[PDB]
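Any value given below was found using the heavy atoms of this structure, including those in side chains, with hydrogens, waters and symmetry copies removed. Chain A is the first sequence line, chain B the second, and so forth, proteins listed ahead of strands; every chain is numbered from 1.
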Amino acid sequence: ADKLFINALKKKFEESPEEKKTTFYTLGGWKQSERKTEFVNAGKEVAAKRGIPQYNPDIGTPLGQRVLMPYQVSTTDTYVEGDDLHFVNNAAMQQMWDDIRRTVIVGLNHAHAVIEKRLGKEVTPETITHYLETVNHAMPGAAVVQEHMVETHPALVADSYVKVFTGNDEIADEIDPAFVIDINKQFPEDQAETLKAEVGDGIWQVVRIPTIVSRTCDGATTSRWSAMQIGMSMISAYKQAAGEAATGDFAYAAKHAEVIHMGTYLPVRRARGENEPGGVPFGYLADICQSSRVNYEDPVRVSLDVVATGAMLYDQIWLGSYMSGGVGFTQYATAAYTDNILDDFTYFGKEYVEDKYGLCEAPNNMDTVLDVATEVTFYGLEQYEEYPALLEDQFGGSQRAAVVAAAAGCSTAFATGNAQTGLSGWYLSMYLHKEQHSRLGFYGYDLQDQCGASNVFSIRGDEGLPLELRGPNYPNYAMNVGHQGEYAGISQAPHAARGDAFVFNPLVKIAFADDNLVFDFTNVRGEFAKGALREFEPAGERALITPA
Amino acid sequence: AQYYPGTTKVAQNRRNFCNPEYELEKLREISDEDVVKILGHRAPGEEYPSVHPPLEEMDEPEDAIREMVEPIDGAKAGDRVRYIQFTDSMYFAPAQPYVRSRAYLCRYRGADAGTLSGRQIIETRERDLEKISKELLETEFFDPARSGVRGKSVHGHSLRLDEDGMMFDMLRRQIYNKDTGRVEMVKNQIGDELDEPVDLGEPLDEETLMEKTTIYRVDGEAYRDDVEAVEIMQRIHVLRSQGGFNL
Amino acid sequence: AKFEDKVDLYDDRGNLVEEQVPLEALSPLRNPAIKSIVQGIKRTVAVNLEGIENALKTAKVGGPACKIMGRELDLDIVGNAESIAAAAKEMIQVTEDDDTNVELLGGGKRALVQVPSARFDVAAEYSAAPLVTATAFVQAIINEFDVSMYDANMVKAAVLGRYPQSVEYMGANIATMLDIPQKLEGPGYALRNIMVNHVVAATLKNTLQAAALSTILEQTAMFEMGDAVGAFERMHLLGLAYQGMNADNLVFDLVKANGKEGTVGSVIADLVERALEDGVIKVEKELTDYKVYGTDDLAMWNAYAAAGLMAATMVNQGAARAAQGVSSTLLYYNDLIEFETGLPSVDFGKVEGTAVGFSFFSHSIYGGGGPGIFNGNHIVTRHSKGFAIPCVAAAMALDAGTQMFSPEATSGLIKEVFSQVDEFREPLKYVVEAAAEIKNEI
Amino acid sequence: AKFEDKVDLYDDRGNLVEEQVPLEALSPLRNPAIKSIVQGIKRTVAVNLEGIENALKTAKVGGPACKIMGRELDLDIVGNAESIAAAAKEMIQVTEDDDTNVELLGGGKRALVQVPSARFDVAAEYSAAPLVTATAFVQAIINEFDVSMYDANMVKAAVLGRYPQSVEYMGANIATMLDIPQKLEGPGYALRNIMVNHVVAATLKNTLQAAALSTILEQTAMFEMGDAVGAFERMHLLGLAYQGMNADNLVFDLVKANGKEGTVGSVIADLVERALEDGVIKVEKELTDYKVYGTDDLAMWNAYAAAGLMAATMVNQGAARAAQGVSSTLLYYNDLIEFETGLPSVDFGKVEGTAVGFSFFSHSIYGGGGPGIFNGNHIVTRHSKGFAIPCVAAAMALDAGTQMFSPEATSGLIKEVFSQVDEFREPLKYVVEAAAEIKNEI
Ligand code: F43
Ligand SMILES: C[C@@H](OP(=O)(O)O)[C@H](NC(=O)CCCCCCS)C(=O)O
Ligand SMILES: C[C@@H](OP(=O)(O)O)[C@H](NC(=O)CCCCCCS)C(=O)O
Ligand SMILES: O=S(=O)(O)CCS
Ligand SMILES: [Cl-]
Ligand SMILES: [Cl-]
Ligand SMILES: [Mg+2]
Ligand SMILES: [Mg+2]
Ligand SMILES: [Mg+2]
Ligand SMILES: [Mg+2]
Ligand SMILES: [Mg+2]
Ligand SMILES: [Mg+2]
Ligand SMILES: [Mg+2]
Ligand SMILES: [Mg+2]
Ligand SMILES: [Mg+2]
Ligand SMILES: [Mg+2]
Ligand SMILES: [Mg+2]
Ligand SMILES: [Mg+2]
Ligand SMILES: [Mg+2]
Ligand code: NA
Ligand code: NA
Ligand code: NA
Ligand code: NA
Ligand code: NA
Ligand code: NA
Ligand code: NA
């Protein structure tokens with residue numbers, strides 16, 4: 001019956017969502033808001049304590065001449081003021097990033113070959129389990145060889161550990177299950193078969209370093225820290241000299257030859273090492289999100305969970321802090337994961353496709369792009385025109401451009417089963433939207449949008465790439481809000497419609513299928529809500545080593 | 001020139017704003033002093049500040065392009081580059097953001113135009129800006145209920161209207177008087193209070209807004225129904241796509 | 001020749017130089033003057049002897065506001081500039097009378113250095129220029145004053161800065177048009193990482209010369225990047241010719257016709273008319289009171305549109321004598337011409353997209369700056385494959401003094417040294433002369 | 001005639017080839033064979049056509065363990081290699097008569113590509129080689145099979161990998177000896193970022209040829225970096241001659257005298273005796289039963305000492321047929337010779353220091369690896385200015401199979417393609433011949 005966003009609009013405003021007029025200016029300004037009132041009071045306290053003015057509602061212009069709205073976290077019944085979705089104020093969002101940043105995947109295949117071929121020693125499921133006991137003591141920062149070592153406090157580093165996975169069920173069954181990511185438990189049968197076949201007899205470690213270290217340091221720490229403690233545990237468990245020539249082979253394997261970073265390093269203007277947000281390709285972000293293994297009968301839900309994951313990380317933390325800062329970009333991102341708005345538009349498109357072509361059954365060509373992206377764009381824009389409350393909700397043109405094009409591009413990919421025609425549909429949506437309303441986004445929103453159509457199918461050096469391989473360092477995408485997380489969703493979309501177990505890297509997909517993570521990647525939007533309510537318990541806090 | 005495809009009133013209005021041979025309808029008279037006051041860059045009677053010497057006093061490089069391109073008067077004088085910025089309601093304001101920038105670069109010399117969803121700006125040499133601003137304020141570029149002059153705190157293009165049919169303004173620069181039916185500008189574009197308000201006329205009635213608007217909407221003329229305009233946009237998408245692949 | 005096209009070549013006063021030259025006589029791969037310009041920019045270094053002297057006498061070395069108390073050295077470098085420069089030249093040259101040049105300027109306050117070509121024939125890249133120059137001058141200063149082993153490290157800091165603790169020559173008193181290889185946004189980008197202000201400084205604000213230098217650099221980089229290979233080569237060459245080299249006098253004539261009273265829109269109308277007159281475009285279909293244009297040669301339409309884009313910049317920013325609106329011209333020229341014609345804009349939308357971001361990052365809090373600080377290696381302005389940055393150079397050349405970060409502010413040492421080289425200052429002259437010389441070898 | 005020194009040049013069997021060659025005839029700035037080797041390394045690319053085909057058929061593109069389900073494309077690339085390679089060459093070449101080379105290897109599974117020199121004459125650096133090659137092969141594959149617009153992006157990913165999202169060509173199926181310019185530790189380092197395993201691969205494990213290739217690359221980099229300018233030029237030239245080119249047969253004869261039963265220490269004793277016999281060192285002072293040696297020519301002492309260092313490596317690592325101990329030889333040759341003589345060791349302690357860190361980072365948990373993964377651009381091994389890495393290449397050439405990260409593991413594509421180039425495989429021969437040819441021009 002109702003569009004999916006109607007309940008949220010009725011919560012925000014006294015008027016029915018269709019009504020065109022309202023009342024302004026008599027709401028009390030900031031005084032209408034519980035959260036702004038909290039902030040006013042805290043600012044006075046802070047300024048007095050430190051002897052320097054801080055938050056003051058009388059500086060600049062007076063917030064709250066209109067309704068300061070609640071937001072529904074999409075797929076939840078949780079309604080919060082938008083400040084509770086700012087990454088600074090939301091521990092769930094900070095932990096989501098920490099859990100990615102502090103992860104690396106490191107093979108044991110080369111390592112086991114060094115042991116067998118260079119050292120002449122045996123590797124068995126028993127020696128692997130012994131090694132895994134050893135590395136789970138050492139990885140958080142504790143000693144195995146030298147006398148008079150000082151160590152990290154176990155409780156400060158409780159979130160760091162090492163697990164393994166392999167496609168060989170019989171071998172997996174022989175390793176203590178405390179250390180194993182069980183692919184057959186975590187994934188539905190057809191997905192498990194695909195993932196096991198991709199891994200084969202390879203054995204891979206998923207290493208998580210301590211959040212407290214990641215926060216003190218940076219993402220490029222992760223693979224170094226991992227390798228040091230892998231190295232020590234190989235010495236201890238396999239009876240090497242503690243520092244012989246073979247020890248260097250384990251180092252080079254763990255740091256270079258068999259490591260999978262979450263993010264690659266960035267060029268000098270935006271200089272950063274590995275495991276920073278800009279290095280994480282869109283296909284990896286889709287695979288980090290675990291919606292695919294729990295919501296696989298609903299491709300829209302899978303795709304929009306990916307969009308939530310990426311809009312928060314890429315717009316709020318990455319573009320809104322690493323690349324800028326200040327108040328930042330909360331609502332540029334919340335547009336993609338609140339009020340069930342993107343959900344309504346994308347369900348529309350999925351239904352359109354299902355009825356016309358069947359999922360994955362449309363021709364992979366421009367005719368399909370023109371059909372589906374145009375239809376879905378016109379639907380979404382019509383909703384802003386029919387529901388003035390919707391338009392006042394997603395008040396910035398950029399937000400609207402992102403949401404409408406995300407639906408258009410995901411729907412096109414649902415039709416073709418191919419992310420590249422989904423991307424073409426995203427750009428067509430932009431062009432149509434711009435002409436319809438004689439506006440699109442902010443001053444710089446459509447840099448990538450105007451380069452977009454020509455670069456979708458280019459094959460040139462710094463232009464051509466399948467969408468799955470693109471990321472925040474693809475040149476056209478390196479600067480602007482309201483695109484990156486949506487592109488992760490479009491990358492996910494054809495794979496979700498196809499029922500594929502992963503989008504770009506099966507190892508990354510399996511690595512986040514782990515109940516010992518702090519953040520729950522199977523329910524990203526639920527976790528955002530939990531953090532907004534101040535109900536999420538992050539790792540990395542220093543309470544144990546500070547005064548009461 | 002043909003400017004823009006399409007067979008709706010919206011399409012024809014977009015063409016008319018861009019066409020310098022189309023005489024913009026003048027709807028209201030504003031004094032020179034009142035334009036200066038709305039702009040807020042200098043006081044009436046204050047000399048224009050300069051950013052560099054008059055061109056006649058500098059030794060310009062020997063350059064055929066300089067010789068062929070006549071500077072605007074404010075460039076000859078060395079005036080500051082200053083701005084005027086407008087916000088247009090999605091509820092049928094006559095002009096809209098990309099319409100303005102497209103039209104400005106057809107009509108006006110020496111212009112830096114910028115388009116955003118909630119604001120649209122022109123920057124040019126101060127004396128020339130004053131002359132352009134008069135036309136932007138006096139003509140059908142501007143309705144005093146559905147358009148606003150705003151150099152900051154621009155929110156309102158996408159908001160519901162108030163009970164008088166006025167767009168939201170966080171700073172309330174334009175005030176409708178229920179007793180008179182007229183709108184006055186009570187602050188300059190950056191929000192400082194004026195000595196004496198500026199009359200901006202009556203808001204256009206609904207029928208006239210619909211005749212003049214350049215936005216497509218379901219409750220006016222929908223873009224999807226202007227099939228020739230849609231066709232051209234789709235053509236451009238396809239040709240760009242093919243061109244990037246092979247030429 | 002790979003391609004059939006011929007162009008007529010004109011000078012910066014709009015006078016015909018040579019008729020019916022093969023397009024490939026203008027190719028970076030073939031034209032000897034383009035080769036001379038590239039090799040010249042690789043090998044040329046500006047040395048600030050006054051800056052070195054002042055750094056030493058004050059111990060202000062190693063970057064902004066840095067100083068090491070107790071390390072001052074009182075050396076009369078500028079007073080002994082002839083001896084120091086001769087000594088440096090002996091170390092920089094490979095053989096006597098080779099193509100090494102060391103020339104004092106400003107009464108010995110500055111030196112132009114051109115490191116011999118033979119050093120680059122056995123080098124991977126271009127860093128030999130600053131590195132060889134720096135060490136020669138360091139050694140020459142030490143030897144001139146018999147600076148002790150204990151103190152000589154200050155001379156090194158005064159010349160090259162905080163390198164190698166910094167990646168860059170942070171605080172150096174030498175400068176090049178190129179920047180270090182580590183700063184490339186991608187392999188092949190080095191000729192793109194040349195500030196617009198540096199190009200305008202080297203060309204002394206002559207609008208056509210600045211546009212030519214910029215186009216030569218940008219389009220040459222497109223060859224190094226592989227973009228101008230195979231299917232796209234002709235598009236790149238036609239863009240160099242028509243946008244940067246005033247081929248067929250098209251840029252010049254569009255400016256002439258629109259300079260007195262015209263606008264971006266009036267230049268568009270004239271360009272569309274000229275493309276129709278020349279048979280580049282034709283009516284494909286009639287809609288209601290609207291003609292849809294087509295072409296059988298998209299590369300030539302692109303080149304015509306690119307000439308118009310340059311002319312529109314020169315008319316719009318020339319009328320203002322203010323560079324900032326180049327970002328707007330680059331956007332709306334393209335946006336307007338698509339709806340005027342039904343054909344794609346310059347670089348198939350990539351100029352328009354570059355202009356959207358360039359507009360943003362020249363009018364917002366987030367980064368960027370004024371037009372003059374951009375370049376083809378900048379993240380904001382790298383996206384168009386040579387068709388946007390030359391307009392920015394033309395705009396900056398036309399600015400009468402509206403910019404804080406002007407060439408006078410960012411590029412004075414480059415201006416004094418690099419403007420001395422004739423082929424850097426007047427590249428349109430030398431490239432045209434070379435194209436006419438080689439026209440029957442192509 | 002800058003320097004008076006002459007050397008006798010030998011072949012890799014210890015036979016005299018040319019007597020009395022002026023030292024400067026071996027300089028990278030003068031010797032035409034060193035120029036040819038450097039320009040060849042800049043322009044040569046290996047293409048793995050089988051790898052491209054397999055990446056496409058499986059959709060395994062973009063880096064380790066990556067795959068895009070549903071994107072598979074089954075193209076008969078190897079089976080159509082001659083047509084594809086010919087089509088690529090047409091795009092790569094500038095003219096039909098130039099120095100472009102495109103040669104199929106392995107029945108079409110691989111191609112050797114040498115991009116024409118004319119492209120590098122108008123380039124800043126060397127990335128035109130991979131980028132021109134990659135786009136020519138991408139376009140040739142697309143054109144061979146009429147790959148659609150919708151699918152062609154997969155061909156691009158199979159050839160060049162995840163670039164430009166990654167800075168490197170991550171997952172590419174092309175390779176060069178050089179690495180991207182962004183990875184340089186400093187300006188001027190590009191010829192140093194060539195893995196030892198790649199040199200050993202190209203030279204087919206011929207110990208003296210590996211040492212020669214490495215020395216030529218390292219010492220040529222020293223010119224590019226400015227280290228071999230002015231005061232230090234002769235030291236660098238003498239090190240190239242004696243350490244890498246077996247000047248005066250000194251390396252060879254030390255090996256011959258110590259190969260059957262010798263040790264590092266016996267090589268040292270023979271080198272000190274030889275330096276005394278030749279008048280390079282002399283007793284300066286007598287302590288209690290201990291002679292302190294001096295010299296009037298530190299650069300020549302360093303060159304003799306460096307020849308000894310190379311011979312000590314060959315004796316010690318040759319006897320083990322195991323490369324790991326090269327880090328130890330590089331350390332203790334130098335430590336022992338200073339306490340034997342009272343004179344500084346090779347590179348004034350910088351070989352010893354490099355060797356300390358290299359030993360640590362080849363026997364510890366912290367980084368590094370086996371000898372073959374090092375190079376002059378590696379943070380561990382950059383410190384000596386050309387005097388350490390050639391010994392590592394000799395040692396890896398002598399390894400009989402003790403290494404996990406061998407050249408077979410790291411450098412197979414490089415081996416197949418670059419060993420085809422005579423001047424890369426047997427560089428000593430060509431450099432000696434060119435030195436002889438120019439001896440009267442010095
Ligand atoms: C000063 C600028 C120019 C600039 O470089 N950035 C600004 C301001 C900046 C500030 C505003 C914070 C503050 O008020 O102090 C921050 C929060 C970035 C920061 N420094 O933390 C921001 N914008 Ni802006 N900015 C936004 C937006 C927008 C929309 C707002 C249109 C409307 O009708 O309200 C327009 C662009 C457009 O017209 O499309 C816009 C403009 C502008 N944006 C204009 C100020 C507009 C004004 O005078 O009112 N932003 C949005 O469209 C939504 C998201 C929103 C961002 C905050 C969030 O994501 O929660 C914010 C993101
Ligand atoms: C352009 C560039 O800035 P500079 O021109 O180098 O100062 C770049 N910033 C950005 O791209 C900012 C992106 C986030 C803020 C805008 C979001 S639309 C950076 O800081 O490296
Ligand atoms: C050598 C290098 O490692 P790689 O050889 O590149 O793996 C480098 N590590 C280090 O320098 C480790 C320094 C800290 C540990 C040793 C302290 S003595 C790094 O990770 O970038
Ligand atoms: O107004 S601008 O588009 O520059 C910035 C929007 S946050
Ligand atoms: Cl063509
Ligand atoms: Cl000497
Ligand atoms: Mg009611
Ligand atoms: Mg009401
Ligand atoms: Mg075993
Ligand atoms: Mg468990
Ligand atoms: Mg147990
Ligand atoms: Mg009047
Ligand atoms: Mg009055
Ligand atoms: Mg005309
Ligand atoms: Mg001169
Ligand atoms: Mg066959
Ligand atoms: Mg031939
Ligand atoms: Mg085809
Ligand atoms: Mg002996
Ligand atoms: Na309500
Ligand atoms: Na209604
Ligand atoms: Na305020
Ligand atoms: Na930067
Ligand atoms: Na505490
Ligand atoms: Na000379
Ligand atoms: Na001829």
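- Proximity to chain C is limited to the side chain of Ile459(A), based on heavy atoms less than 4.5 angstrom apart.
- Between the OG1 atom of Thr220(C) and the CG atom of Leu240(C) there is a distance of 7.0 Å, given to the nearest 0.5 Å.
- Close approach to chain A, defined as a heavy atom under 4.5 Å from one of its heavy atoms, is seen in no residue of residues 161-169 of chain C.
- A cation-pi geometry, defined here as NZ or CZ lying under 6.0 Å from the six-membered ring centre and within 45° of its normal, holds between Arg460(A) and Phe232(C).
- A search for side chain to side chain donor-acceptor pair (under 3.5 Å) contacts involving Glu435(A) returns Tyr4(B), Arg102(B), not counting sequence neighbours.
- In this structure, the side chain to side chain donor-acceptor pair (under 3.5 Å) partners of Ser223(A), at least two apart in sequence or on a different chain, are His261(A).
- With a threshold of 4.5 angstrom between heavy atoms, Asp335(C) approaches chain A through side-chain atoms but not through N, CA, C or O.
- Checked for salt-bridge contact, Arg382(C) and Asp462(A) meet the test: a charged N lies under 4.0 Å from a carboxylate O.
- For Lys255(A), the salt bridge (charged side-chain N to carboxylate O under 4.0 Å, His left out) criterion is met by no residue, not counting sequence neighbours.
- Under the 30°/60° scheme for interplanar angles, the aromatic rings of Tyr314(A) and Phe282(A) are found to stand perpendicular.
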